[PDB]
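First comes one chain, alone, set out as structure tokens in the form solved without this ligand.
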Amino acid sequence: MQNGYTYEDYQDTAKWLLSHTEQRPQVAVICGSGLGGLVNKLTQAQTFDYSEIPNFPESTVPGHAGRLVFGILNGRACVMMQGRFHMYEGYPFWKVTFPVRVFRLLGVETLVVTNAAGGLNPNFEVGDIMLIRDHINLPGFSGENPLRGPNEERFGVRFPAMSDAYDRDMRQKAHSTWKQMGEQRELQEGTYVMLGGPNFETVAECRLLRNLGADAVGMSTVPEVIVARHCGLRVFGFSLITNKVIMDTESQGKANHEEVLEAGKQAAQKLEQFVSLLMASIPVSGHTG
């Protein structure tokens, strides 16, 4: 729709950040669920509450206190969003993706996105890390898209391609790095499907999503990838399989957000060490290279 944000608004917000921190991030990380503790490994960290940054969507999301943190992670200068915005909260896609365009204006070149998702692929287990190789944007099928409305030429083209959204070179490096970590479990990889939420899927819906080729289901990230790729950002992400969805009517139980503990505690730790290692493989700047 007619995005309430004009190009100038993004620039004003980016200019404000540049005048309050000496940090100049090259990488931006959007933390979903488990990775919320990643902020603790950042050195020379400076925090900003989403509430003090003009034009920034303020949020009351149940999970992580809305704050943007600048700092150095494994020799790389980066900025991370500790907590994201979701459509199910009431925000339209142009609000949820506002920070992505600001990152581009700060000079960021790579965006790393993480989330927690239900595993549809039968071969997945709770705690599995799935490298997002592709996605299915269901809201986009009905015209719900962050790029809807008049295109801002200063950010990208009118009809951007999405077939190469997930940087191949990074997925290659992620696999090598996982091997060096000596993990007993293999690093999964697959396509993520986004739904609006906030309720959890029914058995019928999960079987449908699986037939369509989806490996994991979630309620975010996709709009952020579209906007990131639209403005030229290199993109790669990970889903933390927090639960194995039930595909049988003879359900031994039902879904709930207990995932904060499940995976969010055990698999999240590894996920942090993982992203920290990857900072050294991202091309140019940041480190002494």
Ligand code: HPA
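Start at 1 and count along the sequence shown; that's the residue number. By rigid core we mean the largest C-alpha set that fits within 1.5 Å across both forms.
Below, we refer to the form deposited with this ligand bound, which is not included among the displayed structures.
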- prompt: Do heavy atoms from each of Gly218, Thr242 and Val245 fall within 4.5 Å of this ligand in the deposited bound form?
  reply: yes
message: Please identify the residue among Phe155, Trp94, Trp178, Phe200 with any heavy atom within 4.5 Å of this ligand in the deposited bound form.
response: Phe200
query: Since exactly one of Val79, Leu73, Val100, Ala116 fits, which has a heavy atom within 4.5 Å of this ligand in the deposited bound form?
result: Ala116
message: Contact with this ligand in the deposited bound form for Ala65, defined as at least one heavy atom pair within 4.5 Å: yes or no?
response: no
message: Can you tell me if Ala45 lies within 4.5 angstroms of this ligand in the deposited bound form, counting non-hydrogen atoms only?
response: no
task: Name the stretch: of 103-111, 200-208, 121-129, 169-177, exactly one has residues whose heavy atoms fall within 4.5 Å of this ligand in the deposited bound form.
output: 200-208
query: Going by this ligand in the deposited bound form, which residues of 1-39 come within 4.5 Å of it through any heavy atom?
result: none
Large Cα shift (2 Å or above) at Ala45 between this form and the one not shown, core-fitted: no
Exceeds or equals 2 Å, Cα of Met247 between this form and the one not shown, core fit: no
- line: Evidently the Cα separation of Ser251 and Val260 changes by 3 Å or more in the deposited bound form, so the atoms lie closer
